[PDB]
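Structure first, then comments.
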Amino acid sequence: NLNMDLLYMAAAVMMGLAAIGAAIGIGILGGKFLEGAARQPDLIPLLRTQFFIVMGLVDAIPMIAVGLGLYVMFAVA
Amino acid sequence: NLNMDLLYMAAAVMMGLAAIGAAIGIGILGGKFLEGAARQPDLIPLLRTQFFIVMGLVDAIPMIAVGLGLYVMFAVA
Amino acid sequence: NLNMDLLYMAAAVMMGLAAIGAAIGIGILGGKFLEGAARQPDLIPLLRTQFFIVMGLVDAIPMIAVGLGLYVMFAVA
Amino acid sequence: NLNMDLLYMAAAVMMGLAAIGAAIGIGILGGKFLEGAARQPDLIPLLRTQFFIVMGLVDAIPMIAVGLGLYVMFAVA
Amino acid sequence: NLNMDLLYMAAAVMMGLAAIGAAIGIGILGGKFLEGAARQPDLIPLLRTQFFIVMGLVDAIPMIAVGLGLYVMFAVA
Amino acid sequence: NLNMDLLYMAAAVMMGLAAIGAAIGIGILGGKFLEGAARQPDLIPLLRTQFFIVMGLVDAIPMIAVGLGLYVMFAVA
Amino acid sequence: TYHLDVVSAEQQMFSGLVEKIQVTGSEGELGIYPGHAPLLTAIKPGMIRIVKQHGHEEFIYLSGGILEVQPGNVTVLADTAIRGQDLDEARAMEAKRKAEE
Amino acid sequence: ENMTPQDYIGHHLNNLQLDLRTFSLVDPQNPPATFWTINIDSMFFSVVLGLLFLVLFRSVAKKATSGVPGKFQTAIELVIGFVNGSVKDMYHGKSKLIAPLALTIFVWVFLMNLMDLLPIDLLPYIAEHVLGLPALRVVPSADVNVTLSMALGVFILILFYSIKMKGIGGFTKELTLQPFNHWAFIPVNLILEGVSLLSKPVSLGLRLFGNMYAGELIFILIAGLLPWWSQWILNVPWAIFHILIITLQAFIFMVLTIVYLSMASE
Amino acid sequence: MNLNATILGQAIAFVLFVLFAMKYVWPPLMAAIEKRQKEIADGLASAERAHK
Amino acid sequence: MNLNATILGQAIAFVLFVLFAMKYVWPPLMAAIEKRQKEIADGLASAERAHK
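Rendered as structure tokens:
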């Protein structure tokens, strides 16, 4: 039956959106991090820790979406 | 055919839009947080607590979509 | 049957749009709040109150949109 | 079968667009209001009162959009 | 007669796009208006007149779109 | 026959979204890095190191997306 | 071209018409050209270097000060020292103890 | 063994529901459609955690002296100081209820979330084989009900504070007039205030449930899909993240409850 | 997922825990550290009064 | 699928996570040690100072 094709499309949309968000938000955050590290070059180890702290919060939902897309693509289809 | 794959596509829409919104909003918030921390490297706990307040407020509503998408995928479909 | 099945997609679209709008708006608002609290640390409880005041205004339309999507996906579907 | 279903679909897209617009506009307006509050905290009682008037103009149109969406969902069915 | 159902979707898309455009434009204008009122609080009644003059232009196309969508929704359908 | 044809669109959307996300995120990060290098030409070797540290996080998800798009285009076809 | 002044509270250090200058601004190195928009910034200690009319090179070391720009005028309000350490608070103590003793 | 990963995931997302009427163990293969079937697994682990919290806090409170502090007492004194400092930061009233409520919320929510770090199959395998229970899932927080019951209790407390400290007159006044204060907007004001008021606790409960549920399902997928030799390279980076996640989420629940109660009262 | 009457039993458990903790748990704690601070402060105050 | 292999892999991953937590999440007790040192030293020294 033809039903199998649509699962690939749904996984494609979900993972593409997840990658769009995971790239853009991390890019903005890293740009601010670099801007702040340029000013105070001695504070890099602290800003770098806080950057990781917030970056963990950023990508979580994209990670969920990517994992679900992998599941839909391989296990279901 | 029409039953399962449309549900999968709906879940994919939910959890792509939720990932987009949450990632972009958290990146925006974290940019201002990291900018503040470079200006006042001492006040970091207070600013990060306020950031936690706002981060919870942001994250609250996309998680509705995330959980409902998981429900639609597994319980319904 | 297709009639009820598509309702899930309609609710998915509605609540995904609601989530993206709310997440982005609240992220911008919280970023401005964080920057303000970083300029004037002694002022934080006032700005936080103002932020809650305006956040109660922001979320109302996304909140009702998500509630109506939940209605269409549970009571209707 | 698909008449009421498409009615719900049209209501869904309408209300999603309305929620997106309202959330983004109020986010921008509240962010600028927060910045103006931050600059001169003692002026907040006036700036808040002007922000309320402007936010009423912001809210004017998404509310007729949402009202027509509710009409489509409930009355037309 | 399937003719009726597509007209509701055609009205819905028009009104949603009009709501998005008008709400984001009015928020952008009002944000600068509020920041200017924050800077020079004595000039507020003049800036309000200027803001109304400009707002009369922002809503030119959006109000035509909303009127035409409302016309399509009731008179034509 | 649709099982073969639709897979190319499912890969096309993935490899468009991944490219848009990676391009926007890398553009914003590179712009911030360029501004920091312009202001502080002495720190260029340090800012470049931190830029390459951060950039490997942006590409994490879009490279999964592009690899899965290549897989969908070629292996399953 | 513009007329560059270099002055301090004690003395006029330099005055003359200048085609371009290199100066270390508060946030980074800065170059000034004729017709530059009005600008105000402190300057960190270091060399400010000058080309007078006909592009003659001149170098001046400054402990610090404030640089500002006006239509056709550039004025450097240099000061004697960084002053950021504030060691003279110790100098104020002996004035008190010797008054008490 | 022979199993489809889809069904392995299916079992784990099921609960030892038991009929309150007939006292009968529901099974994961066929769910009945009767409302009163308590989901036992989350509640059984949930009150156990509260009992452990109460036992430890009493076991330290029963002996603590102002002399040389012990190594064990120091953690409890630190958590008491942290909760008290947060309350004093965001609450100025005389109500003795707020601080112990926040302390209980923080500790209990932290304990519930911690269950997710454990191996997903350990306790369920034990319960199925040694005991014989049809189903089990051991993270209480992943239950929507535990989250929604706590959020609705907090909302009830908010209503009580609005009626008592803020006042019923001061509640009708705010609902009708604010934020636009004009009678033309009063019908709109009522709707906006009600929507935001109901949005707050729903946001708390569904945020917590979403976090715990989307961590538990990630662990279940990692266990079910990947071969044993490869599981660690994706499981370990996730538990480290989820430790910060559970700490942050318990902190968020406590602080947001404090904020809502303080805004209702004062 | 699926709502159930578990919503009620946990509402009983929550209120019971809240009542028991509010009564017994909190009041004994936080006394010792306050006693330490008061001892340090009053010893300082008394010593400075005798110094004056 | 074999269920034994899943239990083996989950055990492996939990062992590795326990090791990582013990060597990177446990140390905050070291931060907690400073509180003990401060409390003991300040209390004893301040009481002695007041009595003297």
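Protein chains in written order, with the deposited numbering: chain O, 3 to 79; chain P, 3 to 79; chain I, 3 to 79; chain Q, 3 to 79; chain L, 3 to 79; chain N, 3 to 79; chain H, 3 to 103; chain a, 4 to 269; chain X, 1 to 52; chain Y, 1 to 52. C-beta: ideal position from N, C-alpha, C; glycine also.
DSSP three-state label for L32 (chain H), please. Within the seventh sequence, numbered from 1, the residue matching residue 32 (chain H) stands at position 30. Reduced to three states, the DSSP call for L32 (chain H) is strand.
Residues of chain O with CB closer than 9 Å to the CB of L36 (chain P), please, in chain order. Counting from one through the second sequence, the residue named residue 36 (chain P) turns up at place 34. Residues of chain O with a Cβ closer than 9 Å to the Cβ of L36 (chain P) are, in chain order, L31, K34, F35, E37, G38, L49, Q52, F53, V56.
Distance, Cα to Cα, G156 (chain a) vs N148 (chain a)? The residue given as residue 156 (chain a) occupies position 153 in the eighth sequence. The residue given as residue 148 (chain a) occupies position 145 in the eighth sequence. Roughly 12 Å separates the two Cα atoms.
Where does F61 (chain H) sit, in a helix, a strand or coil, going by DSSP? For the purposes of this step, residue 61 (chain H) is taken as residue 59 along the seventh sequence, with counting starting at 1. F61 (chain H): strand per DSSP, three-state reduction.
Rounded C-beta distance between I7 (chain Y) and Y128 (chain a)? I'm assuming under 8 Å. Translated into positions along the tenth sequence, residue 7 (chain Y) becomes position 7. Translated into positions along the eighth sequence, residue 128 (chain a) becomes position 125. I7 (chain Y) to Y128 (chain a), Cβ: 7 Å. Contact.
Does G23 (chain O) get closer than 8 Å to chain a when you measure Cβ to Cβ? Numbered from its first residue, the first sequence carries residue 23 (chain O) at position 21. No - not a single Cβ of chain a is within 8 Å of the one on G23 (chain O).
For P182 (chain a), go through chain Q and note every residue whose CB falls closer than 8 Å to its CB, in chain order. The sequence position of residue 182 (chain a) within the eighth sequence is 179, counting from 1. Ordered by position in chain Q, the residues that pass the 8 Å Cβ test against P182 (chain a) are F54.
Residue environment, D44 (chain P), which counts as buried when at least 16 other CB atoms sit within 10 Å: Position 42 of the second sequence, counting from 1, holds the residue named residue 44 (chain P). So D44 (chain P) ends up on the exposed side.
Could you tell me the distance, in whole angstroms, from the CA atom of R24 (chain a) to the CA atom of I43 (chain a)? On the eighth sequence, position 21 is the one that residue 24 (chain a) refers to. On the eighth sequence, position 40 is the one that residue 43 (chain a) refers to. Roughly 14 Å between the two C-alpha positions.
Taking the alpha-carbon positions, what's the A11 (chain X) to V50 (chain a) distance? Here residue 11 (chain X) corresponds to residue number 11 of the ninth sequence, with the count starting at 1. Here residue 50 (chain a) corresponds to residue number 47 of the eighth sequence, with the count starting at 1. Using only the alpha carbons, I get a separation of about 12 Å.
Mapping the DSSP letters down to three states, classify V8 (chain H) as helix, strand or coil. To locate residue 8 (chain H), count along the seventh sequence from 1; it is residue 6. Looking at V8 (chain H) - three-state DSSP - the assignment turns out to be strand.
So is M168 (chain a) in contact with chain I if we call contact Cβ pairs under 8 Å? One-based indexing of the eighth sequence puts residue 168 (chain a) at position 165. It does not; no Cβ of chain I falls within 8 Å.
How would you write the range of the alpha helix (DSSP H) that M6 (chain O) sits in, first residue to last? Sequence index remark: in the first sequence, residue 6 (chain O) carries index 4 (1-based). Looking at the DSSP string, the run of the alpha helix (DSSP H) that includes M6 (chain O) is 6–41.
The segment 17–27 of chain O / the segment 64–79 of chain N touching (three or more Cβ pairs under 8 Å): Output reads yes: the segment 64–79 of chain N touches the segment 17–27 of chain O.
What's the call for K23 (chain Y), buried or exposed, on a 16-neighbour Cβ count within 10 Å? Taking the tenth sequence and counting its residues from 1, one reaches residue 23 (chain Y) at position 23. Only exposed fits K23 (chain Y), as fewer than 16 other CB atoms lie within 10 angstroms of its CB.
Candidates H:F16, H:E59, H:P73: which alpha carbon is nearest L41 (chain H)'s? Sequence index remark: in the seventh sequence, residue 41 (chain H) carries index 39 (1-based). Of the candidates H:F16, H:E59, H:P73, H:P73 places its Cα closest to the Cα of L41 (chain H).
Beta bridge counterpart(s) of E70 (chain H) as assigned by DSSP: Position 68 of the seventh sequence holds residue 70 (chain H). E70 (chain H) is bridged to H:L42, H:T77.
Let's test the definition: count the other Cβ atoms within 10 Å of the Cβ of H15 (chain a) and tell me whether it reaches 16, buried, or not, exposed. In the eighth sequence, counting from the first residue as 1, residue 15 (chain a) sits at position 12. By the 16-neighbour rule on beta-carbons within 10 angstroms, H15 (chain a) is buried.
Distance between beta carbons of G27 (chain P) and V60 (chain P), contact taken as under 8 Å: Taking the first residue of the second sequence as position 1, residue 60 (chain P) is located at position 58. Taking the first residue of the second sequence as position 1, residue 27 (chain P) is located at position 25. About 5 Å separates the Cβ atoms of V60 (chain P) and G27 (chain P), confirming a contact at the 8 Å cut-off.
For a test of the three-state rule: what should DSSP assign to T40 (chain a), helix, strand or coil? Here the question's residue 40 (chain a) lines up with position 37 in the eighth sequence. Three-state result, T40 (chain a): strand.
Quick one, which of a:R210, a:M266, a:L54 has its alpha-carbon nearest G173 (chain a)'s? Translated into the one-based positions of the eighth sequence, residue 173 (chain a) becomes position 170. Here the closest residue by C-alpha is a:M266.
Given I255 (chain a) as reference, the closest of a:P190, a:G218, a:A105 once Cα atoms are compared: Position 252 of the eighth sequence, counted from the start, is the residue given in the question as residue 255 (chain a). Ranking a:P190, a:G218, a:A105 by Cα distance to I255 (chain a) puts a:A105 first.
With DSSP as the reference, please indicate the residues paired to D44 (chain O) in a beta bridge. Numbered from its first residue, the first sequence carries residue 44 (chain O) at position 42. The partner list for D44 (chain O) (beta bridge, DSSP) is empty, contrary to what the question assumes.
Counting Cβ pairs closer than 8 Å, one from the segment 66–78 of chain a and one from the segment 126–146 of chain a, do we hit at least three? The segment 66–78 of chain a is not in contact with the segment 126–146 of chain a.
Of all Cβ atoms in chain P, is any one closer than 8 Å to the Cβ of residue 2 (chain O)? In the structure displayed, chain O extends from 3 to 79; residue 2 (chain O) sits before or after that span and is not available.
Would you mind giving the Cβ-Cβ distance between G33 (chain P) and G38 (chain I), rounded to the nearest angstrom? I have them listed as a contact below 8 Å. The sequence position of residue 33 (chain P) within the second sequence is 31, counting from 1. The sequence position of residue 38 (chain I) within the third sequence is 36, counting from 1. That belief does not hold up - the Cβ atoms of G33 (chain P) and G38 (chain I) are roughly 14 Å apart, past 8 Å.
Counting only Cβ-Cβ distances shorter than 8 Å, please list the residues of the segment 205–237 of chain a near chain P, keeping chain order. For the segment 205–237 of chain a, residues whose beta-carbon sits nearer than 8 Å to a beta-carbon of chain P comprise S206, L207, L209, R210, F212, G213, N214, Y216, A217, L220.
Using a Cβ-Cβ distance cut-off of 8 Å, determine whether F244 (chain a) contacts chain O. Here the question's residue 244 (chain a) lines up with position 241 in the eighth sequence. Interface residue, yes.
Residues bridged to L19 (chain H) (per DSSP): Position 17 of the seventh sequence, counted from the start, is the residue given in the question as residue 19 (chain H). Under DSSP, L19 (chain H) takes part in a beta bridge, and its partners are H:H5.
Rounded to whole angstroms, what's the CA-CA distance from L237 (chain a) to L19 (chain Y)? Just pull it up for me. Working through the eighth sequence from its first residue, we reach residue 237 (chain a) at position 234. Working through the tenth sequence from its first residue, we reach residue 19 (chain Y) at position 19. Going by the C-alpha atoms only, they are around 16 Å apart.
On the DSSP bridge list, what partners appear for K54 (chain H)? Counting from 1 along the seventh sequence, the entry for residue 54 (chain H) is found at position 52. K54 (chain H) is bridged to H:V20, H:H58.
Determine, using beta carbons only, whether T68 (chain a) comes closer than 8 Å to chain Y. Against the eighth sequence, residue 68 (chain a) aligns to sequence position 65. Residue-level contact check: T68 (chain a) does not touch chain Y, since none of the beta carbons of chain Y fall below 8 Å from its beta carbon.
Find the nearest neighbour of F56 (chain a) within the set a:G13, a:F113, a:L220, judged by alpha-carbon distance. Here residue 56 (chain a) is taken as the residue at index 53 of the eighth sequence, counted from 1. Of the listed residues, the one whose Cα sits closest to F56 (chain a) is a:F113.
Closer than 7 Å by beta-carbon distance: list the chain O residues that pair up with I63 (chain N), in chain order. The residue given as residue 63 (chain N) occupies position 61 in the sixth sequence. Residues of chain O passing the Cβ test: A20, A21, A24, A25, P64, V68.
Cβ-Cβ separation, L52 (chain a) to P143 (chain a) (assumed contact under 8 Å), whole Å: Taking the first residue of the eighth sequence as position 1, residue 143 (chain a) is located at position 140. Taking the first residue of the eighth sequence as position 1, residue 52 (chain a) is located at position 49. Confirmed, Cβ separation roughly 7 Å.
When DSSP builds the beta bridges, which residues end up paired with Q20 (chain a)? The count along the eighth sequence starts at 1 and reaches residue 20 (chain a) at position 17. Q20 (chain a) is bridged to a:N42.
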